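Undergrad: The structure is given below, and queries will be raised subsequently.
Rule-based calculations on the coordinates, nothing more; no lab input. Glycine also receives a Cβ, built like all others from the backbone with ideal geometry; neighbour counts cover every protein chain displayed.
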Amino acid sequence: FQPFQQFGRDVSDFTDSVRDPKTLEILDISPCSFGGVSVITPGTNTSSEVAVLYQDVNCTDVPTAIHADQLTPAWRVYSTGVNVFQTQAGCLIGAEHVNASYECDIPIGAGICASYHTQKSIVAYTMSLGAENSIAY
Amino acid sequence: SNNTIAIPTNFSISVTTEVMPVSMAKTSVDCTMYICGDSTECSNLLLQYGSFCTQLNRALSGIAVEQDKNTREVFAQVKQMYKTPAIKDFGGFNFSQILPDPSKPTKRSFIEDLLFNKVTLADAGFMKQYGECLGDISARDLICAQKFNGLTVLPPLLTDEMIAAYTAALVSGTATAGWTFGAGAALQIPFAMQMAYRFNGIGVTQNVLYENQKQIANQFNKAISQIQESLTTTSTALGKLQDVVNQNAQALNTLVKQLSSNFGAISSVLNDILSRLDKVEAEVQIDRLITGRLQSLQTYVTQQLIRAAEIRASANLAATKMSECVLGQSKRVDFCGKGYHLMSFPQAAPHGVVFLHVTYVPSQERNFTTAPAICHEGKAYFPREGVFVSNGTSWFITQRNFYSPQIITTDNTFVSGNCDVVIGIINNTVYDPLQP
Amino acid sequence: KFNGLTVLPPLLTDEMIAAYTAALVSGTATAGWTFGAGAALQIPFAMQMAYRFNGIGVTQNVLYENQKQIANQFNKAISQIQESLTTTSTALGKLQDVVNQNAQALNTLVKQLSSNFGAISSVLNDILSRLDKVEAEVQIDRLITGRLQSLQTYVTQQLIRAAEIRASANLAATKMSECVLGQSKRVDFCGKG
Amino acid sequence: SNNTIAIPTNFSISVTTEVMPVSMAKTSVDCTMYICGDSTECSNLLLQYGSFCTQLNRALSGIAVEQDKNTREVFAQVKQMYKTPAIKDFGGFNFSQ
Ligand SMILES: *[C@@H]1O[C@H](CO)[C@@H](O[C@@H]2O[C@H](CO)[C@@H](O)[C@H](O)[C@H]2NC(C)=O)[C@H](O)[C@H]1NC(C)=O
Ligand SMILES: *[C@@H]1O[C@H](CO)[C@@H](O[C@@H]2O[C@H](CO)[C@@H](O)[C@H](O)[C@H]2NC(C)=O)[C@H](O)[C@H]1NC(C)=O
Ligand SMILES: *[C@@H]1O[C@H](CO)[C@@H](O[C@@H]2O[C@H](CO)[C@@H](O)[C@H](O)[C@H]2NC(C)=O)[C@H](O)[C@H]1NC(C)=O
Ligand SMILES: *[C@@H]1O[C@H](CO)[C@@H](O[C@@H]2O[C@H](CO)[C@@H](O)[C@H](O)[C@H]2NC(C)=O)[C@H](O)[C@H]1NC(C)=O
Ligand SMILES: *[C@@H]1O[C@H](CO)[C@@H](O)[C@H](O)[C@H]1NC(C)=O
Ligand SMILES: *[C@@H]1O[C@H](CO)[C@@H](O)[C@H](O)[C@H]1NC(C)=O
Ligand SMILES: *[C@@H]1O[C@H](CO)[C@@H](O)[C@H](O)[C@H]1NC(C)=O
Ligand SMILES: *[C@@H]1O[C@H](CO)[C@@H](O)[C@H](O)[C@H]1NC(C)=O
Ligand SMILES: *[C@@H]1O[C@H](CO)[C@@H](O)[C@H](O)[C@H]1NC(C)=O
Ligand SMILES: *[C@@H]1O[C@H](CO)[C@@H](O)[C@H](O)[C@H]1NC(C)=O
Ligand SMILES: *[C@@H]1O[C@H](CO)[C@@H](O)[C@H](O)[C@H]1NC(C)=O
């Protein structure tokens, strides 16, 4: 900061930094909601299970990109554990990764789809592009 | 002149590049985060504006899903992922530049590598990971301003390795199975014998390929090399794609900057009203920001719907050129590039497709005297195909698109009526192979 | 013009468009297909029509054996275009309504300046004459927001209409290539028959 | 009937007119003059709305340049300005009109 500047704003007039008036240190301000989150679901009335995609978050960072200490326990279940899967489009949690490719049911992105699939689970997989074939030229 | 005709004595194989946009950035907006900026008080006021945010998110979700349809319906036209053949030269035609190269891990062709280098993305890619915006003072960035205001780009469903996998399959089938690839299960054909069939599709006799095949292959190879030399040195060929990138970047940048507007409130900064005014009278100021910001956001969604319809119209056209130019041979003039269409090869490009149109171009035309009909013995003979032509001493039939003079036999011609009716009839002899 | 609305002239003046027309018909009259595929190759026009009859699947003789009838029918049919264009009032309706729509859009935009939008007056000088900044600015903002909203409407409508004109322009460009520079097998693309 | 066919014994040459729009009037708006007239006071308040005017002018400039594309891509398809032939009748076909 400049020696007399008290806060900083970006091109959006979002106040992104502030000088602490007591210590004179500079604090960054981040939005509470930061980043995109999207919920995978089959229909309600087929399962209440869901999976969560943290659209640009790194799977070890999910417990901090989400403020998992401030969340309810029922959400914090979706912050960690088994069934984390680092896709592109960020970390997917709550769907088990499966090595069989299938036609795309729910399009998650960056090559990944998910489906409610055989108990049943939400499973995530890479799309099959098509049938493998060769021409005996 | 009413009695002379120009026939091409030669031809050139031309390869022509057509660049088509197919998709745009799958933009997404957290409408509450944009308007009310995490403040709880404003969010209560935004509830009193009802369903506007839901309707805006629904619209942008339609745009996004449609971008995958556009990409799928262009590239995923072939259900069979015909793997790249081990040998890249067929009959002398060298496909090595448009097929993938196993010398690299990326399954792009060499041409596609140039295409993916020749366009620069405004973010260099969708990622700006969680920690990356909390940077130095110089590290302020319009992309971080976008994230802090709830604006994001979703990645496409098909990754570039998948688009390149489809184009590799399409060129592999085209290199090895011709038209049948579009009509059904791809049927193996020798490529020179496939090109011979495509010459008949022009109306050049099948021999003209085999009788010149080494020249034709050399011209094809050189033309593909001239594409590569242009795509390395050019700065403008993919402008139809870079300007789609630029337009969508600029639309988001103006949207975040529009948060700096006051819209007639005492301040552009929502915290600054809430800091400074009581709820009795802040709400009057907050409402001006809510309505103004919400108006700016609906402007963006409307123009995206406009731009998406334009891209979708372009994607439908690219999907038509894939079917008509790649999976077959098109009689539609200038549809599959200039010249008579022979073949097309699809190549992937960032948010687009590139068609290498291969066409026959007639060259070195020569003037000949010509006649509509021959009168042999009081009855008029017409060409079955082509035109009667005189080389100066002797009358022949030739095909129109390539000078190949043939003896005027009773096979090349059909007879109709006494030869008095046709104006410009001439008296040359018609040879009958039986009589000698 | 007083309110800042203007029409810019087209880049190609009508004499330049007419010059391209003249070249296109001249090539069609003298070189046929070759005009599209490459350097245009001279062909006698009766002999070009004979080829275009084969394109239908009518044997080449049927032209030469009837050429005077065909030429007369062609000439009369062109004359019937002239006689109808001299006497119709509606054949170009698809163009007159493109003129009318864009004129009407501008006329409603200037008339929208007569709106108050809930200000004390539609007239900006009248507010500024009558009120002090402390409270003029409230009234001025109601005019600014309403007027700026009226521009955003107009520009949206133009973007919609321009997309429609693209579709027609791309189609007309396709008919130039497929119908003028060639012969089309597409059943009903270049007119009936 | 399963065993009879109709064959045309004759034909008519037809000429048909298809009318197509290709461009529209290129339009330009001075967003400041439209909103504020000449009043300096209103122009200062309009600055507090920022880029709306710039964004509107950019949009209409896109329309305008696109109208020249539409005309060029229809008519300028041939690079050769083949001069009009001196004789307007070929084989009996009278191009003079
Ligand atoms: C068409 O023209 C090309 C050149 O414009 C001819 O190809 C050349 O032929 C000579 C003699 O065979 C070679 O020495 C050259 O290297 C060739 N160059 C190229 C670029 O092909 C070709 O022979 C002509 N075709 C016909 C049928 O006459
Ligand atoms: C096909 O074309 C290439 C030229 O593009 C020929 O040469 C190869 O070119 C690539 C780069 O383009 C190099 O990485 C290779 O090392 C080149 N190989 C050789 C032997 O020069 C290639 O040989 C051609 N293939 C055939 C079968 O003719
Ligand atoms: C098709 O019909 C037209 C008339 O509708 C025929 O033209 C007439 O032919 C007769 C005899 O040749 C002349 O007496 C008339 O004056 C012609 N009329 C016109 C308007 O040209 C024409 O011959 C018919 N076509 C065929 C192939 O039989
Ligand atoms: C071609 O058509 C015209 C009719 O439009 C024939 O007649 C001439 O037409 C123009 C107007 O288009 C008049 O100014 C001339 O005075 C007309 N001349 C005559 C002699 O009628 C014209 O003769 C036709 N040309 C040919 C070669 O047949
Ligand atoms: C008071 O302010 C001064 C100067 O900002 C700072 O050094 C100090 O730590 C603050 N608090 C106390 C208890 O002195
Ligand atoms: C986390 O991000 C780093 C780079 O910031 C990357 O190397 C790593 O792969 C990411 N996490 C995972 C699980 O891939
Ligand atoms: C999927 O395959 C990979 C192959 O490297 C393996 O590491 C992984 O354990 C497999 N997962 C399952 C669920 O089979
Ligand atoms: C064909 O004839 C015309 C007229 O004499 C002449 O101008 C032209 O150059 C000739 N073309 C060739 C290829 O001989
Ligand atoms: C015309 O073709 C015949 C082929 O038999 C040839 O003998 C003659 O020399 C040719 N004339 C010219 C002028 O090329
Ligand atoms: C061609 O034109 C000449 C005059 O240049 C004329 O004598 C001849 O009859 C015409 N023939 C044809 C078939 O047009
Ligand atoms: C063609 O032959 C007939 C009979 O020999 C003759 O009457 C006619 O004049 C000839 N025409 C030409 C152009 O030689």
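Undergrad: Output ³J(HN,Hα) for the stretch C:119-126: one whole-Hz value per residue in order, computed from phi by the Karplus curve 6.51 cos²θ - 1.76 cosθ + 1.60 with θ = phi - 60°, and x for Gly and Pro.
TA: 6, 5, 8, 6, 9, 5, 4, 6
Undergrad: Once you average over the residues of B:403-415, how many Cβ atoms of partner chains fall within 10 Å of each Cβ?
TA: Averaged over the peptide's residues, the number is 0.
Undergrad: Extent of chain B along each principal axis, from alpha carbon coordinates, in Å, largest to smallest?
TA: 114, 53, 38
Undergrad: Compute the acute angle (0 to 90°) between the alpha-carbon long axis of helix B:213-233 and the principal axis of greatest extent of the alpha-carbon atoms of chain B; round to the nearest 10°.
TA: 20
Undergrad: Moving on. Note down, for the stretch D:14-97, the three equivalent ellipsoid semi-axes (square root of 5 times each alpha carbon gyration tensor eigenvalue), biggest first, whole angstrom.
TA: Working: eigenvalues 493, 32, 27 Å².
Equivalent ellipsoid semi-axes, largest first: 50, 13, 12 Å.
Undergrad: Same structure again: Name the GluC sites (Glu not before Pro) in the stretch D:4-97 that are in a loop by DSSP and that have at most 14 other C-beta atoms within 10 Å, would you?
TA: Working: sites: D:18, D:41, D:66, D:73; in loops: D:18.
Here the sparse-neighbourhood loop sites are D:18.
Undergrad: Please work out the Cα center distance from the stretch B:257-324 to the stretch B:400-427, rounded to the nearest Å.
TA: Spelled out, the Cα-based centre of one part sits 72 Å from the other.
Undergrad: Explain nothing, just the number: dipole magnitude of the stretch B:1-130 about its Cα centre with +1 on each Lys and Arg Cβ and -1 on each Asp and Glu Cβ, in debye rounded to the nearest 20.
TA: Working: 12 positive and 12 negative charges, 97 e Å.
My answer is approximately 460 debye.
Undergrad: From the Cα gyration tensor of the stretch B:366-436, with a ≥ b ≥ c the square roots of its eigenvalues, which class applies: rounded if a/c is under 1.5, or else prolate if a/b is larger than b/c, or else oblate?
TA: Because a/c hits 1.5 or more and a/b fails to exceed b/c, the stretch B:366-436 counts as oblate.
Undergrad: With a ≥ b ≥ c taken as the square roots of the eigenvalues of the C-alpha gyration tensor of the stretch B:238-301, please select rounded if a/c is under 1.5 and otherwise prolate if a/b is larger than b/c or oblate if it is not?
TA: prolate
Undergrad: Another question, if that's okay. Taking only the alpha carbons of the stretch A:1-93, what extent do you get along each of the three principal axes, in Å, biggest first?
TA: 60, 26, 24
Undergrad: Can I ask one more? Assign unit charges at the C-beta atoms only (+1 for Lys and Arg, -1 for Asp and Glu), then state the dipole size of the stretch C:110-193 relative to its Cα centre in Debye, rounded to the nearest 20.
TA: The calculation lands at about 560 debye.
Undergrad: Mind pulling the angle between the C-alpha long axis of helix B:239-257 and the longest principal axis of chain B? Nearest 10 degrees, somewhere in 0 to 90.
TA: It works out to around 10 degrees.
Undergrad: On to the next question. Find, among the trypsin sites (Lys or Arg not before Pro) in the stretch B:28-113, those assigned to loop by DSSP (not H, G, I, E, B) with at most 15 other beta-carbon atoms within 10 angstrom. Don't jump to the answer; show the numbers that get you there.
TA: Numbers: sites: B:58, B:69, B:72, B:79, B:83, B:88, B:107, B:108; in loops: B:79, B:83, B:88, B:107, B:108.
Passing both the DSSP loop test and the Cβ count: B:79, B:83.
Undergrad: For every helix of n ≥ 4 consecutive DSSP H residues, a contribution of -39,500 (n - 2.57) applies; sum these over chain C, divide by its total residues, and give [θ] at 222 nm rounded to the nearest 500 deg cm²/dmol.
TA: It comes out at -21500 deg cm²/dmol, rounded to the nearest 500.
Undergrad: Right, something else. Mind checking the mean number of beta-carbon atoms from other chains within 10 Å of the Cβ atoms in C:64-76?
TA: Values: counts 12, 7, 3, 8, 3, 4, 6, 7, 4, 5, 8, 9, 2.
Mean inter-chain Cβ contacts per residue within 10 Å come to 6.
Undergrad: Hey, another quick one. Which whole number gives the average, over all residues in B:130-136, of C-beta atoms from other chains lying within 10 Å of the residue C-beta?
TA: Whole-number average of other-chain Cβ neighbours for B:130-136 is 4.
Undergrad: If you don't mind, there's one more thing I want to ask. Given axes a ≥ b ≥ c from the Cα gyration tensor, I'd like to know whether the protein assembly as shown is rounded (a/c under 1.5), prolate (a/b larger than b/c) or oblate.
TA: Numbers: a/c = 2.92, a/b = 1.64, b/c = 1.78.
Judged from the Cα gyration tensor, the protein assembly as shown comes out oblate (a/c at least 1.5, b/c at or above a/b).
Undergrad: Compute the long axis of helix B:191-202 from its Cα atoms, compare it with the longest principal axis of the Cα atoms of chain B, and write down the angle in degrees, 0 to 90, nearest 10.
TA: Helix B:191-202 sits at roughly 80 degrees to that axis.
Undergrad: Now a separate question. Principal axis extents for the stretch B:315-417, Cα atoms only, whole Å, descending order, please.
TA: 66, 29, 16
Undergrad: In whole Å, what is the distance between the alpha-carbon centres of the stretch B:63-99 and the stretch B:152-178?
TA: 5
Undergrad: May I pose another question? Return, in residue-number order, each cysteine of the protein assembly as shown whose C-beta is not under 4.7 Å from any other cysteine's C-beta.
TA: Flagged as lacking a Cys partner: A:32.
Undergrad: Would you work out which of B:223, B:35, D:96 lies farthest towards the positive end of the dipole of the protein assembly as shown? Charges go on Cβ: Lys and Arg +1, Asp and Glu -1.
TA: In the protein assembly as shown, that residue is D:96.
Undergrad: Going by how many other Cβ atoms sit within 10 Å of their own, how do A:75, B:179 line up, fewest first? Kindly include the intermediate steps, with their values, before the conclusion.
TA: Values: A:75 12, B:179 18.
The fewest-first ordering by Cβ neighbours comes to A:75, B:179.
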